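Working notes, structure below.
Chains as they are written, first to last, in our numbering: chain R, 1 to 519; chain V, 520 to 675; chain S, 676 to 727; chain C, 728 to 779; chain D, 780 to 830; chain H, 831 to 882; chain F, 883 to 986; chain Z, 987 to 1038.
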């Protein structure tokens, strides 16, 4: 451990072992100085043009954190093609972490001449929060991941958190967390940092699509032995009376047959079309949205429960706020055009789940009599019933991996609505910060705190290794499957590759459910 | 504690003179929508058939119906089928032909009369109890739970 | 009692990388037509951000 | 009875994600007269039925 | 006996694949009369290697 | 055809590169990749010994 | 070393912490450029200083366009050893059998 | 392995051993920075005065 000797290597490799796969990825980072080393109250109120639905209260800290909670940090696009073609599922088991080659630099600005020189004595402060005593920011799909392409250099985000509020004011039950109250390890150049984490048990991910549906689980050749009500009014003519008639279900009346299972839950949303001439001519993005009400606020049900996107031959329809939407390379932040975003599709789960843009079913409404016509009622929102089945939302190449289950008394089927894995004890947050170095103090005493600092920033590498567990394919199916493939004809540039200017780019969101399985 | 879940169906009578005079077997049925199809919710969730002293009422597609010996396949008469009865579970489960409860609808004030709202379909709430549907001498035994990511109370 | 809410679990300083539908009708005037527009969630549009 | 099974559809047409299973691809035991066949299965745990 | 793949190539490969859109009958499968049929001759050289 | 020796497994290629060092990054966040670098170059010796 | 250019004053100063990345490709997973008689050898006279060439490779084409069977190789996907000043690098190779050269 | 200590020698010599000969050669190299650390597509077409 000296100045003139490096303290690491470059490990970026993926190995396959039958039922395991170990992926390692290495990047290079740089950390600036946040808030000029100060804690700051930040808030938003109901004054101005703002509404009550968008207010907050919180604090902002000089610490920066690491986010690798997204699948493209670990999987090269060939390895994503090896994964989804040959397996019925996967879950992770354990991971590791390693920071090394810390360099700390200082900058000086004198009359346009900006000089950068080494600093060999300054430190950085890194610690992990294992016992979960902080707010958990990860798993909320923010920016700042490791880059998809290994030759790129990225910038570390900033750590800030929210508390309770009443408008732009706090309450008595609010909290303030000072991040210099936790034990941390200080590293000069020539040091390093590492730890090792172990996942708990979790269900496998369902990386398959059923080849069969709930309404078609019967034998097409044998009648049933169990009747139903088939006729109430006679058919002799116009002199009809009331009667009772019964029949057996068979091959020609397969909608009337008795069934054992129910489709999944429904929470209906509004339908919009990709052809702009077929929609209503008003701004209905928020007024017609699907919302859930929570303490005088209307939060957007995004992306809602796991429901199918569109039925057969209707690829142009999609729910307004019920799917994941991914932006292309160099898309605008506000008011991006339709040709600049990528819409995903969850048509694989229509074998069990209802379509998000249609109702669940039809129930009875009153008590029919001799002088009373019977009435029906359309169910738009249905909770759980005994005997339902459903499928969770699919995972993607650039979607998130995990999410922390909130510590409450009760929860029901704790899978994340953005897809991925549900964990009670997630991977811990890692917080990094430059230790301050003062400027020249006065010669006489002063009890004020020092506010004149030397401007610094740091850099180095990072290494993440995650081991996955697999489940192999074991089907007896005769005809060929469906595989993810490339395009055969020529193009201007190769997909999943660099530009002629050096810009990496992803053409399309890749799903996971391509193989088949019977119900 | 709370009663079990509800998913309401239409009521029909075994006295043919007491029903409505139209063909309402499919148009007034209880359905669930799945990818541009309307499948019949048969026999729905586990709910009771009829309340006290109302043995002549039954849900239109919510019970198991068994055919007698030498019953016809299509258009069997009422005297040729056998209707079952799940009146045992009315101690906890709601009746299939009636609503679940009544909830509030607005914010009453000095110049505003309060309003109510009838709940016909209720999902799970914290603290419910219910009973599964009974088994019979000529009914089935098992069923394979489908291999998905999530399911809730996997009883057939 | 939790010190934080479900609608406020995000980072207040970093934009997202995942779009949403932000505009259907043009704003050039009273001669408006139908269109499609997309935007990123950020610190000022925290009600529109994608949630888990 | 006879064994037949269903797959996905779009009307009277299949899709790309459909499946075809050939039943002579599995190992099977051939019996002349004078042979026999048997196996033994074990159920997993399950709640009691509420017969009350 | 086999020989496994050991390349360092970055962008995605070319794979043999099926067709995604619907059809009148599934390829490499039987007719409605019971006649097996092969649609096309399949090659072998789809992966890559440097010289 | 240019003369010499024919080998199935030739001597392996050796690849060398300078690892990049960034310039000063901004104080606010930006999800673009960094494109401002410090200009560097390296030098040294090499030794090849072949037995015939 | 690192260089700085301010108004015609080109200054060269040491850098003691920066690294270089060296690796060998034993399992022949890359294109093979050597043996095609390019420039950039070691010099014939030992007292000379030379300059290292640049690595580029070719694939299939149809005119100025690629095809589906083309390849892209990213060279930061292979394991490599990083050297600061004060390190070193070495390996050892063994030729297979080959006929003698006919020097007669 | 430090800053103030060299890590090699100069070996440039040829020895003869009856039926072997071992040759050693040493040079001194320098490596610049190529393409400003970027991968670049390069190509040539049939347009202009070029041929196929």
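Every residue gets a Cβ at the ideal spot worked out from N, C-alpha and C, and that includes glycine.
Asked, Found
"Interface residues of chain D facing residue 911 of chain F [CB-CB closer than 7 Å]", "785, 786, 787"
"Cβ pair count under 8 Å reaching 3, the stretch 498–518 of chain R against the stretch 335–352 of chain R", "yes"
"Beta-carbon gap between residue 29 of chain R and residue 116 of chain R smaller than 7 Å", "no"
"Proximity below 7 Å, CB of residue 809 of chain D to CB of residue 479 of chain R", "no"
"Between the CA atoms of residue 469 of chain R and residue 83 of chain R - distance to the nearest angstrom", "11 Å"
"Per-residue contacts from residue 4 of chain R into chain Z (C-beta, under 9 Å)", "987, 988, 989, 990"
"Rounded C-alpha distance that separates residue 836 of chain H from residue 880 of chain H", "17 Å"
"Proximity below 7 Å, CB of residue 128 of chain R to CB of residue 58 of chain R", "no"
"Where the alpha helix (DSSP H) containing residue 80 of chain R begins and where it ends", "77–85"
"As assigned by DSSP and simplified to three states, the class of residue 422 of chain R", "strand"
"Supposed close pair residue 374 of chain R, residue 366 of chain R - CB separation, criterion 8 Å", "7 Å"
"is_contact[residue 966 of chain F, chain D] using C-beta, thresh 7 Å", "no"
"Those residues which DSSP pairs with residue 547 of chain V across a bridge", "Residue 547 of chain V is not bridged to any residue."
"Proximity test, Cβ basis, 7 Å: residue 894 of chain F and chain Z", "no"
"For residue 293 of chain R, the three-state DSSP class (helix, strand or coil)", "strand"
"Residue 748 of chain C Cβ short of 6 Å to the ligand MN heavy atom set", "For the structure depicted, the ligand MN is absent and the ligand set is empty, with no information on it obtainable."
"Buried versus exposed call for residue 622 of chain V [16 or more other C-beta atoms within 10 Å across all chains shown]", "exposed"
"Nearest to residue 534 of chain V (by Cα), restricted to the options R:8, R:368, R:455, R:1", "R:368"
"Buried or exposed by the 16-neighbour rule on C-beta atoms within 10 Å, applied to residue 985 of chain F", "exposed"
"Distance CB(residue 746 of chain C)-CB(residue 477 of chain R) smaller than 7 Å", "yes"
"Nearest residue (CA-CA) to residue 566 of chain V, options V:606, V:544, V:584, V:531", "V:606"
"Top-ranked residue by Cα proximity to residue 697 of chain S, from S:681, S:722, S:711, S:690", "S:711"
"Length of the line joining the Cα atoms of residue 587 of chain V and residue 618 of chain V", "33 Å"
"Helix, strand or coil at residue 210 of chain R according to DSSP, with G and I counted as helix", "strand"
"Residue closest to residue 457 of chain R, alpha-carbon to alpha-carbon, out of H:841, H:845, H:848, H:853", "H:853"
"Whole-number beta carbon distance between residue 98 of chain R and residue 463 of chain R, since they are thought to touch under 8 Å", "4 Å"
"Pick from R:391, R:112, R:518, R:298 that is closest to residue 889 of chain F, judged by C-alpha positions", "R:112"
"Alpha-carbon spacing of residue 41 of chain R relative to residue 446 of chain R, whole angstroms", "26 Å"
"Residue 325 of chain R: first and last residue of the uninterrupted beta strand (DSSP E) it sits in", "325–327"
"Local Cβ density within 10 Å of residue 757 of chain C, reported as buried at 16 or more and exposed below that", "exposed"
"Residues sharing a beta bridge with residue 347 of chain R, DSSP", "Answer is none; residue 347 of chain R lacks a bridge partner."
"Among R:212, R:449, R:309, R:6, nearest to residue 393 of chain R - alpha-carbon criterion", "R:309"
"Contacting residues, own chain, Cβ-Cβ under 8 Å from residue 742 of chain C (five flanking each side not counted)", "735, 736"
"C-alpha gap between residue 589 of chain V and residue 582 of chain V, whole angstroms", "21 Å"
"Cβ distance (whole Å) where residue 958 of chain F is taken to contact residue 868 of chain H below 8 Å", "At roughly 19 Å, the Cβ-Cβ gap does not stay under 8 Å, so residue 958 of chain F and residue 868 of chain H are not in contact."
"Residue from R:68, R:143, R:22, R:256 whose Cα sits closest to the Cα of residue 228 of chain R", "R:256"
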